[PDB]
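Here's a solo chain for you in structure tokens, the form deposited in one PDB entry.
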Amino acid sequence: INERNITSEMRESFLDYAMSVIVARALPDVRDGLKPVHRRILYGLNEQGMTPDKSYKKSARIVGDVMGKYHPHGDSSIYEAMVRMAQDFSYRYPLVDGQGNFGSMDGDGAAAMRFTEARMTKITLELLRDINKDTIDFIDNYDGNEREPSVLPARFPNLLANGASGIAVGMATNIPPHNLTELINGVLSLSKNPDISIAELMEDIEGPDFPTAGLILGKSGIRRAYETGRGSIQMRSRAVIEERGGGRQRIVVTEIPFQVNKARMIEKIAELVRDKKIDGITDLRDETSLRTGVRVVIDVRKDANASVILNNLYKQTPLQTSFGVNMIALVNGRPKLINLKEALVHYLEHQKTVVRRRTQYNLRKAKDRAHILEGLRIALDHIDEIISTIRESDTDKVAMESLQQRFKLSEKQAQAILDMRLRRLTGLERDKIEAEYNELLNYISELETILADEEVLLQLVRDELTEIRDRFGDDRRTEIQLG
């Protein structure tokens, strides 16, 4: 190709990379709330049959299969993404069920992938539910040797439930996690009122709900983030002042802000004390244990005001941290800054499409089965002449054509008759075939009723969401305090 202009080369190579990071790496899809690596892990777990009822599988086997079949990148990117999905301090609704050392709030890494084991959580079954019912579009994998989903059915609003953080090119994303009961109630309210306001939606969705619990100071930052997609949210640790004996007091921290490394926050407090940037601290201990939960103790000097010290710690350490909301997600394969209503609208549209496609798949499948039963019915009613037709036929092709012409059967019906085992000729089979057919005809009309009325279809979406809310919905962890 001889020559190449440096300006043209730079613009093309940089845009190629920028675009790939944006649409195929760092940003989540608005529909299922996933980035490609996360979607490939979950799809991989489903294809490998790693359901919650089955025993755990070695992480290296899960990762190797995902890397080879769908994700042509380093194993650490795959494994570390699977590890985060298994951490109850990272995911508001964990997607991976891990066996072994899966890390801590102190930033300790997980054990090597050869030591750990994993499988799906029960809630992940809801992300994958109906994937093999033609509900979502499958695409060719990187080498054309496999097929992978472009998106997951996602039967609960996962983008907002688990949130997302990603550094792309020219942009980034920072979506906080939310309470599943609040989100589904918000989706339900939107389904009954397309013109619902953000303020009205906030009657259901109070604000973010961090897996790490803690506090949020005020509603102004939450409101702005939900109205525009951008806003600053003040997160505070759960801290109390209590006596420790001899007229002395201490600050006890039991919950810390989301994504704050506990060990690093403690070291920052120690640094402030060491450099005399804070007055009144006599001791600093991490009394955290599996029994006690998070327990950070800050001993206060006798007669020093413990509330003044606590307020100084909020100003000078991650004990108070802001969450800079920047809700960027892939909407029709393009990055977009979206508000709360926008995110819920795209999610509800995905659900309507999924439930409609599933109902269409089930109808085709039932119509195909009814057609086969009609063929089997004929075969059983004329079994002596069916056997004679087959026996007098030298080849399969001859048996097929003779059955089709003699008994007014289709290619599919003749094939089903030829595939029929001798045990299907037992006395009560003709009745089973009749009962199944009558039940199928009823099932077909039930499906046709759903597809003919958009309200019936929409009520089914509502009902299935309510069920997930009742089964997986939990209490709010983060307290939203009025500032």
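Just so we're on the same page, rigid core means the largest C-alpha set that superposes within 1.5 Å between forms. Shifts are known only where both forms have a C-alpha. Don't overthink the numbering: it's just position in the shown sequence, from 1.
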property	result
Mean C-alpha B-factor comparison - 139-147 and 337-345, higher one	139-147
Of 278-286 and 119-127, the one with larger mean CA B-factor	278-286
Candidate residues 42, 26, 34, 447, the one whose C-alpha B factor the record puts highest	447
Identity of residue with top Cα B-factor, from 158, 90, 351, 389	389
Where the record places residue 407 (Cα B-factor, split into thirds across the chain)	highest
Assigned third (lowest, middle, highest) for the C-alpha B factor of residue 324	lowest
Position of residue 84 among the chain's modelled residues by C-alpha B-factor, lowest, middle or highest third	lowest
Third of the chain, ranked by Cα B-factor, where residue 422 sits	middle
Assigned third (lowest, middle, highest) for the C-alpha B factor of residue 271	highest
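Absent from the display: the form deposited in another entry. The rest refers to it.
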| property | result |
| --- | --- |
| Flagged residue of 47, 436, 448, 65 - C-alpha shift reaching 2 Å or more between the shown form and the other one, core superposed | 436 |
| After core alignment, residue runs (3 or more) whose Cα moves 2 Å or more between the shown form and the other one | 427-439 |
